Each structure stands twice: as structure tokens, then as C-alpha cells.
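Peer 1: Below you'll find the sequence and an experimental structure to go with it.
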Amino acid sequence: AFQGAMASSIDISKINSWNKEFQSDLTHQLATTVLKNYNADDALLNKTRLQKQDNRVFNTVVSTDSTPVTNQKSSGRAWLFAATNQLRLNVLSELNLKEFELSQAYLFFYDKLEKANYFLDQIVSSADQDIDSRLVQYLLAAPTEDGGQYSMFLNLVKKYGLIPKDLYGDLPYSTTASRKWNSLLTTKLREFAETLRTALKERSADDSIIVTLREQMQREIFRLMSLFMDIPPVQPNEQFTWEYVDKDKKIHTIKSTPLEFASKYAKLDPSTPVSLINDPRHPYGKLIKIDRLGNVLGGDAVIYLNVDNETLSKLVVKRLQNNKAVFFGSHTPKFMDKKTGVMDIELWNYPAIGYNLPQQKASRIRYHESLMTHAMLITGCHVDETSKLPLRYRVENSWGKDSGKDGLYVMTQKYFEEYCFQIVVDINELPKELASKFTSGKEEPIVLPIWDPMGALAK
Amino acid sequence: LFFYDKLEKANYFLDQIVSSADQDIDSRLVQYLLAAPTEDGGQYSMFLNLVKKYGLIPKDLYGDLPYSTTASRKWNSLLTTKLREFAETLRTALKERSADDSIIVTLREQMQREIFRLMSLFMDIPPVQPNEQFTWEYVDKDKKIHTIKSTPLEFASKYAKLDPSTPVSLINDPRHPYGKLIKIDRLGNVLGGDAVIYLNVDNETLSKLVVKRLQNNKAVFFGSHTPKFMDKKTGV
Amino acid sequence: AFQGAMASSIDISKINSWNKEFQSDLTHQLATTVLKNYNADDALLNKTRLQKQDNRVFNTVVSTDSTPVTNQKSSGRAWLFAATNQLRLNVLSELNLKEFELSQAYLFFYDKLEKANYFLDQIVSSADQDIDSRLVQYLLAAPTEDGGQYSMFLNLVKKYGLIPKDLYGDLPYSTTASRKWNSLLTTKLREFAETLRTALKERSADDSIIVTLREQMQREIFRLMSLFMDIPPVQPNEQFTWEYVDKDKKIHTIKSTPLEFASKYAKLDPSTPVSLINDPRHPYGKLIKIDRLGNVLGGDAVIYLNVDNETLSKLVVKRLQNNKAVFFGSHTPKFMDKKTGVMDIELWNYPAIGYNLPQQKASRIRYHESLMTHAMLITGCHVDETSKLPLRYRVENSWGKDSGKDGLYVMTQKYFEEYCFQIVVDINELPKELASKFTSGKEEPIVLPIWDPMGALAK
């Protein structure tokens, strides 16, 4: 009781005695001098290591270049940029373009509208639960947040298609500085959540009253959205004409629909991509499903196939050899030097100040230390001729051409293994044993709560 | 106050993890403990907890010179990654043994030492202990030099005029009846220090209290939802 | 022979073996990581020490404040600023002024003109020596350099007096960026040196030809000077009227001459100040004279009375207690943190990287490591009540009000002892035993060459 509390307390004599002992060590005296002056990462950056790790030679790359480098600015749209950065290469090459971008804003507008609507439904389906329950508070936390993942991306493309950024871009203030717009919509959605819950205490979900109430809510949400961004110029099955110049200065015009463009030009068949994760807390070969997570009401559920790093790595090299970039999620900006664009777990000399981290990946995830926070694109890698295994990956980020080295980053194999959690591949690129997990009798997915670390969204 | 608050919070977290070891790792409480154990924020009871144990001193003897006082994010990240490792080490060991078991007792102390070690790298432990004398020389408005020899605990009282036994925190939380005491479960910084207790009061009473304090020449500490409806440019 | 040369060479295996051994040390691993990232002084600044050393409480200060802080800008005029900063306090107090400055530019113009002229004479008196001799090359190195010392200051004041900066200030470009003006004058002076030497091979010093030649040289020098700065508006014995406002907003007018002003208002009696140095290479109580050093042809020779630190320190405290600032020279910017304005030998944690410096003061001077390079003003100090000895000094620098803490610096007693070399006092402030060294039968000064470290000038 008292003795334990006493022994577990911070004792002043004790800490001062420990101080006396630490100060007698020269490494300690030096470390405390430096660490009071500069940020630990600035102080500890290891140029001996950087000299070797900052290597931009990649023997296995996709043929088409990422031009121009994209910039999401102050928004959490990385997943949208990485997904479109992957597909835009198909247009760039096919139509012989110097620079091309698919509309990231197009997807952004519909994703936010769908999420706001999705939230209302989530509130209706959880109305029976207490207001301070974990689920209801979690629904109320960030209903219109920008972040997402690949299934949420296919949900939008299935319904809305894709179009050239030339027809709808980042002109609006809110595409590049979304925080305030999100705040405004969310304060309103929180009001709506209470209006809905109060009404549901009295009536049932379907009751003209509730049905009418929801539609008005949906209209008001659309109203406020249209103030910050315009609804796209064409509907999904509506034709648009897009005029452009190719590399040889020849002018062309394409008349298409957003849904036809996604397929015909962007080469996306929404039926083939699958998301694979490396979550050591669960057995590999299993399907993981994130409960309640989504954007489009009734769209595809977030399902992942848990796979080991050795398989993920082979899939990545295989895709690149087949001239296809690879969307991947990671824990940004852990062990990432934005100035040089290097992603390396050992780039900083933390061991020199006696700072080591034994906690393994599964535990880091369990213990709230690591999860996916950003999505980027692997556009190349270097397979060691002797080991015949990849040492590093060429990463295309969406932070402008001044981030890293001309917008590009280099990631070590070890960083991919420890601080990345998912890649997106086509079901046909998988070994039949893995593909069947998706095609056969479901397999029965491990179902995780929405607040589970693996349900995190890439921003 | 900052140095001791962070050290006490890191230590406090270890205890919180020990007292919740029987709960699942993805439970709401355990995940909440693991979220921001060394975060800078606080409230008045946590402030009195530090002053009771550590007193107060002139900034002249210990200020914001260290990088981490003015840019604390990285220091907090480093300490927290380590604390999350410690939480698992402790929980794993507690599956086997009981809270008091030399093994656990030893384990905790080493954890506490390592935490103090990493802290002393980013900030120095203050120059004097709470009951240890310091001399502070200063100049008044008329250019006269003076020296004060005091202890941090005597200074808090003698000069700063703080009697840690009189202040109370009042809140206006319309979700609850007024005139009631509200207590926040598990919230703290100093292991075994005062619990966070609030007296729920209406706006009309709070407003009178504020005017009354000001008329009695005393400023008033208050908490708010910053930066809602706040224009920083004009300060409105 | 060969073996010695071999043993004294840098051996590659050896240095790589030493590298292997140093890298196994944690303090070394940490030090090399940090030192490849930041300047050693930035990395090693010791905030634990700074926290204590940055102390601006001084129990023994001169009553009048230094307003405004002065700024020499890009010129080596520190000695002129420190000397006038000392005297301006007399005017500030006597005439009840909020802000006052004596003309630093006034002294500057005449010092440069006198130095250029002085050089011609030096070249004439050394014409018999070889062109690559140490003396002749030393004369040709920086004949019009801005730097100086106190005797050179009294030389100008004796001949030119002093005036209010209001009548002649730093308006010209060359007062605040003197390098180019000095370059131009010096290229011309080097031409003149050869013209003179060539002519002196034929004729004697006095020979109408040489006499005429010199005067034309002097005229051309004055000509080029007047292009970059104007000759002051009044001659030394010529009256000027100066109108000013005191602190109570009352207007006043003073009609005076530069020579009368120096005495009457600035309170300078050119006959009382003497320069004391602490040069451990020589016995204390001795007079040291710097051969050939000067500015005004035939003016006072540079003579110093060598005194120990204990005596210098007492003299400094005594002057301050008597409400008089103290001009001093030091090795700027050794162990000087301009950002904080702290002058402390131990402010940086060099011992933490195993970097220690045992060489003592006399040896540092002998070995080309330390000498006076800058002059500043001590305007206060703090005498420890218990030891009854000074711990720190309040220093007024001439680098603008943003240098240090509002233009002011704080110097430790130890810094004064190790990195300062001279102070200026009045002969009557000295102990009679020391005063007589100046007044009595000369004493016979130790004569040092012009290139001797103690002949260095404060810039």
C-alpha cells in the first residue's frame, strides 16, 4: 500500500544521485550539451550513413516518368494522389504527354460528400448506443477527415470515374487548405448527429419523419460543400471534351465520360486491385476486415489480405518489372529525412546517446506506436545482382518538387519491412494460394473494430 | 515546473499501466494511457501538485534556454516511444508476477532511471532541490541591486504568495447539475498527488467571482476552447 | 635520414587503425556525428553554464548610460569608438542629453590621412633596406588600415581636438564600408613607395627633388581622400556653433573650437592617460615600446607599462567606483558569444570532446595564437561582497544595439585575465611606484619590433 506508493514515487535524492552519476560520463556530458541546442534529429543525423544510403541509382524502374511532381498541400489527400499517380502513368505514356495529372480534386469533392452522408447513416445505425460510448465518440471525432485507403478509392471510381485535372483542379482554396472547411462541416454534422439521435429516441429509422430529416440534412451538407468547391462539371456518364497537346506539339481532343475515361485511358478495371497488409499481430494468409469503415454508403468494405514481408517484397519487384508502379502505405514521417528524401531506420545515430528500440512491429502496432499515416508510390527499386533481392525503393511523394530530391524519396528494404504496412496489387499478380483467399468461399475474415490501428487512414 | 511535470507524468504512466495490467491491450483505458503519456498539457490541480512538491523559483535561475522547452514535440516523441516499450515490458512481466515482487519493483526503478536519464539529455535537472537554498540577485525599478536567499518551496509562499491550500477549480459543465463536485478518474501527474476535482457552477456565479477577484486586485486563471471564435491578429 | 622521414610520415594503415579504435568509443561516435552537422561553437555551446554566466546585475557601475549604442559597421574603428564612448559620458551627463555621440568619423578622416603620410616617411627612413626585408614588406602590408590604439588616439586629439558627431558623422559610404577606400589608397601608396625608393637610390632624403616629390604625393593622397570623405568643416582652432536640445526639451547653443571642445566638454586632458598591458612574456613594472608604430609623423611613440592582472583588475574597479569607464583591448572574438553577448572561456563544452588547451598566456602570445584585435569599454562590474573581488564586467561594444544584449556584453574576470591585454588609466590613478615609471628618468623601455604581437592594433 503506502510503501509501494512511496517506492514507486519520484524521489528527489534519487534523481539527483542519478544525475551526479550520469554527469560523470563524458558521452552523457556531450549529449546533454548538444541536445539542449538542436532538435535530436538535426543533431543526430549521421552523414557517414547518409553518404552511403542516399543512392538514386535504381536498376528496376517503370519506364514512364512522374511529370509533373504533384503537391497535395495542406490536405490529407495522399491516398488520392498516390492512387492517381499510379494510373496517370498509363495516360502519360499512351497519349505521349509531357505532363499529365488526373483530377485529385474530383475524387476529393465526392469523397467528402459521401463521407458526410455516410456519417449520418453511421449515427442512425448506432443510435441505440450511449453518446459517450467508444463507437459514437469515434464517429463524432473526424467524420469528414480527408484521409483514406484503396477500397475507399475504388468505391469513388466505381461511382464517379476519373477525369483529366485540366477540367477540374486544385483552384479552390479548400483543396490545398482543407482544415477550415472540415471544421465548418463537422460542427454542423455534430449538430445533425444530435438532431437525428433525439428524433430516433421517439421514432424508428424508417419513419417519414426520419426519412425527411435525413434528406434535408443531406441537402444542407451539399449546400455547404458547394460553397467551398464546385460540383464537378460533368456527371459520371456525361460526356466531356478534353483538348491537349502531345510531346510533338500535336493538338488532340478526346470526348469521353468520367466512367469511360477511368477505364479507357487511365486503364483502371476496379475489379482487379486488392490491398495487402503486413500486420504481424495476426496470422498471415488471413483476410482482415475493418468494421464500419467506409466513405460511400453501402460501398465495398475495407478488407485486407495479411501477408508476410518476403511475399510483399516479391510482389513489389514483380510489379515494377512488369512496368507498373505500386501504391503503398507507411508510417510517415518516422525515420524520414524530408530534406534529402531518405527513409532509413538507421540514418540517425540514436545508439550513440544510448537510445535503442527493441519493440518489434506487432508490438509497436499493439502499443499505439506505429500505424499507416500516409500513402506514396513506389516507381522503382534496385535489386542487388548478387543477392538478387531489393535493397532500396524509389518513392514518388506528393509534397511538391522541392520535397526530398526533386519530390522523390529513397526507401531502404528494412524501412519497407518495418515502417510500411500495405501495398496494392492486382489479384492476378498473386500466387493462386493467395488469390483464392479473395475468390473462394470468403475464408471468414478477422473482424477488427473501427478504432483498431489497422483501420487507420493514409493522409 | 515543466521539467518536473514531464518526469512525474512519465513515472505516473508506468504506475497507470501497472494498475491496469489486467485489462486488454486494445481496451479504451489502456489505449488512452498509451496515446500521450508525456504530453505537455495540464490543469490547476496538476499545477498545485508540482508546487507542493517542488515550489517555485525566479526564471533567472532556470529558463527556456533548452531547445525542448520551446519545441517539445520531438522530446515527447522520443520519451513516448520508450514508454510504450516499457508498458509492454511491464505488462508481460505482470502476467507472470504480482505488482509487488522484487522483479517488478526492480524493473520499475530501472525504468524510472532510464526515463530520468533521457530527460536530463534534453533539459538539466533544476540547480537547487526544493528545500535547498539559492541566491537570486536582481535590480529593482530604481536601479537598486538586491539579493534574496531562499528555497524553491519558501519562495513559492514567501514571494509568489501561493498557499497551495486555498485555490479550487470551478467549471461550467451544463451536462451536470450545478453545485456538484466532478472528479476525473485516473487523471494526474504526480503519483498519489491530488485528484482532479471540479465544482460545477453556473455562469452567473462564475462571472461574479471573476469581477470580485479583479476588484480585489487578483488576476484569474481560466480555461477555454482556443482558438474558437478567436482572431489572433486583433486579439478579439 | 630515410628512416626518420618514413617514421614521421602519415602512414595509411596507422591512421585507419587509429580510426578503428576511435570509432569504438561512444563519445567519439557521438562527437563525429554532431560535428559533421553544426559549427563546433554552435554544437558545443553549454546552456547549463550560460544559464549561470549570463548575469546582467552589476553592483558597481558608472552613472551615465551609453546612449545610443554605437555601430562602427564594416570598418576597423573600434579603438576610436571605445575611446570616444568613454568620453561622451562626460558630455551626456554635463549637458543633460538623452543621446550624444562625439564624432568618430572626424578622428577617422585625420587618422587615415596622417597614416598615409606617415607611411611615406617610414619608406623614406627604410629606403636603404631590401624590398623583401621584413620591415619594408610589413610597411607595405596595410599602411592605411583602420586599426589603432590609445597613443595613436591621443596623437589625433592633440592635433585635432574633438567635435559633436552632429557636425560630421558616418554619412559617407566609406566610414561604414572602408575596405574599398583602403584598397584604392594602398595600391597608390605602393606605387609611391617604389617611386620614392627609386629616387632615393640616386639622391639623399633632403634634396629638393625628394622634398618636391613627397609634397606632390601628399597632395595626391589628400586629393583621393577628399573624394571619399569631406575634410571636417572646421579647423582645430576654428569656432563652430552646435545647437542641441537637452532632456527637458530646452534648446542650447555652444560656440567652441574642436580643440577647446575636447577639453572643455569631453573633459580630456591628453596629458594624463597611459596604456597598461598584461604581457606575461616580459617582466612586470617595465615600459614596453613598439618600434616605428604610429599615425601622426613625430607624434607620441607607443609605450606600454607592463603590469600584472591583479593590479589591472584593481585599477579597473577603482576607476568604475570613481564613475569612469575603462577602455580595454582584447582578443575578439575568442570565447565570445555575440548572440548572448557573453565573453567566457568555458561557455563551450570543448572538454566533452576531449579538447583541452594547456598553453599559457605568454606562450599563446609568443606562438601566434593570441593578441589584441578589438577595443571596447568597461562601464561596470560586479564585486563579490564576500571575496570583495570582481566576478564579471559590463562591456559596451560598438556593433549596434542588436549585438549581444542590446549592444552590451558581459565578461568574466577570467576572460579579462586571459584574453584581454590592455586598459587605459590616468597616471594619477596609478600607485606612485608605477606612475614613476613614466615620470622619472625614463626607466629604459624594452623595445619590440613593429611586427611583435604586442604591437597589434585594435579594430
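Peer 2: Received the coordinates, thanks. Residues are numbered from 1 along each chain as shown, chains lettered A, B, ... in the order given.

Peer 1: Next up, the contacts around residue A:227.
Peer 2: Listed by CB atoms under 8 Å, 6 or more residues apart in numbering or on different chains, residue A:227 has no contact partners. No exception for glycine: its C-beta is placed from N, CA and C like everyone else's.

Peer 1: Got the phi and psi for it?
Peer 2: Backbone torsions of residue A:227, given as degrees, to the nearest 10, read phi -80, psi -30.

Peer 1: Distance of it relative to residue A:143?
Peer 2: Note on residue A:227: its distance to residue A:143, by CB to CB, to the nearest Å, is 18 Å.

Peer 1: Also residue A:351?
Peer 2: Where residue A:143 is concerned, residue A:351 sits at a distance of 43 Å (CB to CB).

Peer 1: do the same with residue A:61
Peer 2: Taking CB to CB, one finds residue A:61 at 40 Å from residue A:143.

Peer 1: more neighbours, these two?
Peer 2: The neighbour count for residue A:61 versus residue A:143, taken as other CB atoms under 10 Å in any protein chain shown, is higher for residue A:143 (23 against 17).

Peer 1: what about the more buried one, which SS state?
Peer 2: Classification of residue A:143 using DSSP: H, G, I helix; E, B strand; the rest coil returns coil.

Peer 1: where exactly do the strands run in the stretch 51-200 of chain A?
Peer 2: Secondary structure of the stretch 51-200 of chain A by DSSP state E, counting those that start in this stretch: the strands cover A:60-61.

Peer 1: Say whether chain C is contacted by stretch A:40-50.
Peer 2: Yes - using CB under 8 Å from any CB of the partner chain, stretch A:40-50 reaches chain C at A:42-48.

Peer 1: Select, from the residues you listed, the two members most distant in space.
Peer 2: The span of these, defined through CB to CB, is set by A:42 and A:48 at 16.0 Å.

Peer 1: Roughly how far does whichever residue of chain A sits closest to chain B sit from residue A:453?
Peer 2: Chain A approaches chain B most closely through residue A:368 (3.9 Å), counting by CB to the nearest CB. Noted for residue A:368: a distance of 7 Å to residue A:453, by CB to CB.

Peer 1: The helix or strand harbouring residue A:22 close to chain C?
Peer 2: Here residue A:22, judged by DSSP states H and E, is contained in helix A:12-23. No - under the criterion of CB under 8 Å from any CB, helix A:12-23 makes no contact with chain C; the nearest approach is 9.5 Å.

Peer 1: What is the burial count for the residue nearest to residue A:404 when sequence neighbours are not counted?
Peer 2: Once flanking residues are discounted, residue A:404 sits nearest to residue A:341: 2.3 Å by CB to CB, 6 or more residues apart in numbering or on different chains. Using other CB under 10 Å, residue A:341 has 21 neighbouring residues.

Peer 1: what does the one 10 residues further on give?
Peer 2: Residue A:351 has 15 neighbouring residues, counting by other CB under 10 Å.

Peer 1: how about the closest residue to it other than its chain neighbours, what does it touch?
Peer 2: Closest residue to residue A:351 apart from its sequence neighbours, by CB to CB, 6+ apart: residue C:29 at 8.0 Å. The contact partners of residue C:29, by CB under 8 Å, 6+ apart, come to A:349, A:351-352, C:23.

Peer 1: Give the closest residue to the residue of chain A closest to chain B in space, chain neighbours not counted.
Peer 2: Closest to residue A:368 by CB to CB, 6+ apart is residue B:34, at 3.9 Å.

Peer 1: In chain A, where's the longest strand?
Peer 2: strand A:374-383 (DSSP state E).

Peer 1: What is the subsequent helix or strand relative to that one?
Peer 2: In N-to-C order, the element after strand A:374-383 by DSSP H and E is strand A:390-396.

Peer 1: who's in contact with the residue of chain A closest to chain B?
Peer 2: Counted by CB under 8 Å, 6+ apart, residue A:368 has contacts A:453, B:31, B:34-35, B:84.

Peer 1: hmm, 10 Å instead?
Peer 2: Applying CB atoms under 10 Å, 6 or more residues apart in numbering or on different chains, one finds that residue A:368 lies in contact with A:453, B:25-26, B:30-37, B:80, B:84, B:87.

Peer 1: Show me the two of those residues that sit farthest apart.
Peer 2: Farthest pair in the contacts of residue A:368, by CB to CB: B:26 and B:80, 18.2 Å.

Peer 1: what's in contact with stretch A:438-447?
Peer 2: In contact with stretch A:438-447 (CB under 10 Å, 6+ apart) are residues A:274, A:279, A:281-283, A:285-291, A:301, A:303-306, A:427, A:430, A:432, A:436-437, A:454.
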